[PDB]
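Read the structure below first, then the notes.
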Amino acid sequence: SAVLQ
Amino acid sequence: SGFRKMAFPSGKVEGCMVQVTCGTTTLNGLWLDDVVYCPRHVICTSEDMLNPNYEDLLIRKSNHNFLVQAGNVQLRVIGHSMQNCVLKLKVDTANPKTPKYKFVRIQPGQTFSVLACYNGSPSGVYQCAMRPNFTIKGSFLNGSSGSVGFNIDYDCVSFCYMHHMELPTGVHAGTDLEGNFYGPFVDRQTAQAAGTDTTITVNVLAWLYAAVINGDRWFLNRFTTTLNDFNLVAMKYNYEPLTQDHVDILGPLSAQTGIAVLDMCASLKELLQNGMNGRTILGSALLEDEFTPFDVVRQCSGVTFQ
Amino acid sequence: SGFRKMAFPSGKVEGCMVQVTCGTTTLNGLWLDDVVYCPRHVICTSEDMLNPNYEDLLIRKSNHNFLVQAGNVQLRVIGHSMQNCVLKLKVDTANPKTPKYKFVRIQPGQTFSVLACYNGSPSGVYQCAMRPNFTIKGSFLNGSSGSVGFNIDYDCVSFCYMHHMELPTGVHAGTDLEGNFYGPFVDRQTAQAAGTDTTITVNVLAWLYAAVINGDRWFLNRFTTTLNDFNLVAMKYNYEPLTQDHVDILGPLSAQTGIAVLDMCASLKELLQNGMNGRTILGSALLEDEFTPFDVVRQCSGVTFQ
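Protein chains in written order, with the authors' numbering: chain C, -4 to 0; chain A, 1 to 306; chain B, 1 to 306.
Laid out in structure tokens, this is it:
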């Protein structure tokens, strides 16, 4: 689950 | 002497960082002339980014939904288009302290400086490399999107990276200033994994040359190697092969230190097959590979940009 | 997330960097309002520096002897002020580019950003920590004399270091901005040696707390230790004593990781007593000590469960 920063 | 992980002067880019706020989302924008570049997920709420609808959320936003703010002044958005994963917000006022700039899409191995920004203010600058799997060992927090990676060339700032997201492993993914991601990554909070990536061989060799200039030369040997027999070994070790080009890029360092490129390759070959024997090179217990041949030249020759 | 040595955005310092030339000596100066600060060894000839009478040498020079170069334009030196080991050259026009500025004196363990400069222009920016022997492990060449070290809080620039000279071991020594050297060094070419370099213990502990956040667990143990029991082991391996203030500073990391500060000290006490080598902490086989606990906390993505 990638994190949009 | 002394050799450190050294970043470009950030003064030219710092004048271009602006705050972009859409709804409650606040992240950074790059203000060049009368266009503002920012990640396209400034329009997303907390709810819709496990799988976001980027062109419906763009429809309901008009020019006035976008707060572009440069320090104490607000910039009037007069138009917005979405190119790939970046928004181009046209503003009424051209940035006055816009520098000579150009947009480049780098290839794996090239190193750039990242101006880490939060809420439109530059927070820190550090150097990164473009890993062959199109990720970067960076250091970003939530709110860092819009930070840009850059190089300084002929008094012209080359913008090459805009930060977007963090992969689950700890590494980071971003786009070029025209909105196309580096690698297969997509701006969504899904399961994405970095691919197999190789230790940049030409950058290790440039680092080895910088050590010899600084006095670290215990790894030098009597031996030479052939280019392709070296390639053999680099193949097995996740070092990707040395081309004739790579030999030509390393030429200037070779001519300065007086050591043939294949003489380093022999030294590097049984750095790989033996290990560093507990010793350090330039203060590192690993083979460091985030130094391009220019990075070594500009730090050892004292190249300044002003 | 991610752990990266970061320097502050250099923009506000770059607007203060000028070139100062006396005779054939050319080095950098910091231009604040109508004063230029530079190392006072700029008034020495090639063979003046062995036993220099700095007061006598200053009599010998007049205003015209000082050529200050501000970017592309020449500045007229209209008088010279000097304090301890720095000159302060009066120029005819105050620097319009001067920022919120403030002169501090840091102590060892603390970190400052260096803007490496040559001929008044920036080469790069990197982060340095003040070694307990009062040297910095920087990256400097001849002509870098005058590059400054700084920190940025809010919008005020804290000037703390001015580079002067390089010791034979490869480390570097300088003065604070009022001209007083850090440590026992003097700006003469005589018999000088860097003191015994010592490992910054509080920074080593933060490094160890940061590895637990990326998942290194093999060095942790059940045991606890008192402050004095740790320091007894800390002599033997050149580790700076761990003061009670250092304990308070590691507190945030203690809270997040759930590991008491004195539990880490036992884990570090055991590492020193073996020389545990080959095993890696954060991918490296050595103990790195130029992250202060603040760097870890600021760069840790965080979250504590209380």
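Every residue gets a Cβ at the ideal spot worked out from N, C-alpha and C, and that includes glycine.
Measuring only between beta-carbons, confirm whether residue i sits less than 9 Å from chain A.
i	result
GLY149/B	no
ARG217/B	no
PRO108/B	no
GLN299/B	yes
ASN277/B	yes
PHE230/B	no
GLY146/B	no
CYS128/B	yes
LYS137/B	yes
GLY2/B	yes
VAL157/B	no
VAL171/B	yes
Quickly, what does DSSP pair residue i with across the bridge? List them, please.
i	result
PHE103/A	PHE159/A
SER267/B	According to DSSP, which records beta bridges pairwise, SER267/B is partnered with nothing at all.
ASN28/B	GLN19/B
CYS117/B	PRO122/B
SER284/B	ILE281/B
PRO39/B	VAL86/B
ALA7/B	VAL125/A
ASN151/B	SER158/B
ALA70/A	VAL73/A
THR111/B	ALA129/B
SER81/B	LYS88/B
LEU262/A	In DSSP, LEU262/A forms no bridge with anything.
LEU(-1)/C	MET165/A
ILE136/B	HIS172/B
Compare the C-beta of residue i with all C-beta atoms of chain C and state if any pair is closer than 9 Å.
i	result
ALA70/A	no
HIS163/A	yes
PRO168/A	yes
residue 308/A	The shown model of chain A, from 1 to 306, leaves out residue 308/A, and the question about it has no answer.
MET82/A	no
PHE223/A	no
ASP187/A	yes
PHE140/A	yes
With 9 Å as the threshold, decide whether the Cβ of residue i is near any Cβ in chain B.
i	result
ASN214/A	yes
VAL303/A	yes
residue 323/A	As shown, chain A starts at 1 and ends at 306. That puts residue 323/A outside it, with no answer to give.
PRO9/A	yes
residue 342/A	With chain A running from 1 to 306 in the structure shown, residue 342/A is simply not present.
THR280/A	yes
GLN273/A	no
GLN244/A	no
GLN74/A	no
Using a threshold of 8 Å, is the CB atom of residue i nearer than that to any non-hydrogen atom of the ligand PLP?
i	result
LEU282/B	The ligand PLP is not part of the structure shown, which contains no ligands of any sort.
Under a CB-based cut-off of 9 Å, is residue i close to chain D?
i	result
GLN256/A	Included in the structure are the protein chains C, A and B, with no chain D among them.
Inter-stretch contact at 8 Å, needing at least 3 Cβ pairs: the segment 111 to 126 of chain B / the segment 137 to 153 of chain B: yes
Taking one C-beta from the segment 151 to 171 of chain A and one from the segment 16 to 29 of chain B each time, how about it: are there three or more such pairs within less than 8 Å? no
Proximal residues, the segment 111 to 125 of chain B versus chain A, C-beta separation under 8 Å: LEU115, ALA116, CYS117, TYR118, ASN119, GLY120, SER121, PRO122, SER123, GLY124, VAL125
At least three beta-carbon pairs within less than 8 Å, the segment 44 to 57 of chain A to the segment 65 to 76 of chain A: no
Please confirm if the segment 26 to 41 of chain A is in contact with the segment 78 to 90 of chain A, defined as three or more CB-CB distances below 8 Å between the two stretches. yes
Tell me which residues of the segment 13 to 40 of chain A have at least one Cβ-Cβ distance to chain C shorter than 7 Å, keeping chain order. none
Would you call the segment 128 to 143 of chain B and the segment 194 to 201 of chain B touching, i.e. three or more CB-CB distances under 8 Å? yes
Contact between the segment 102 to 112 of chain A and the segment 276 to 295 of chain A: three or more CB pairs below 8 Å? yes
Name, going along the chain, the residues of the segment 282 to 296 of chain A whose beta-carbon falls closer than 7 Å to a beta-carbon of chain B. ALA285, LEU286
Could you tell me whether the segment 23 to 35 of chain B touches the segment 89 to 103 of chain B, where touching means 3 or more Cβ pairs closer than 8 Å? yes
Please give the ranges of any beta strand (DSSP E) in the segment 164 to 252 of chain B, keeping only runs that are unbroken, at least 3 residues long and fully inside the region. 172 to 175
Taking one C-beta from the segment 156 to 172 of chain A and one from the segment 234 to 244 of chain A each time, how about it: are there three or more such pairs within less than 8 Å? no
What are the residues of the segment 189 to 209 of chain A that lie near chain C, defined by any Cβ-Cβ distance shorter than 8 Å? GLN189, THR190, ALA191, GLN192
Residues of the segment 43 to 63 of chain A in Cβ contact with chain C at a cutoff of 8 Å, in chain order, please. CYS44, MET49
Quick check: the segment 209 to 219 of chain B against the segment 255 to 264 of chain B, are there 3 or more CB pairs under 8 Å? yes
Taking contact to mean at least 3 C-beta pairs separated by less than 8 Å, is the segment 202 to 211 of chain B in contact with the segment 244 to 253 of chain B? yes
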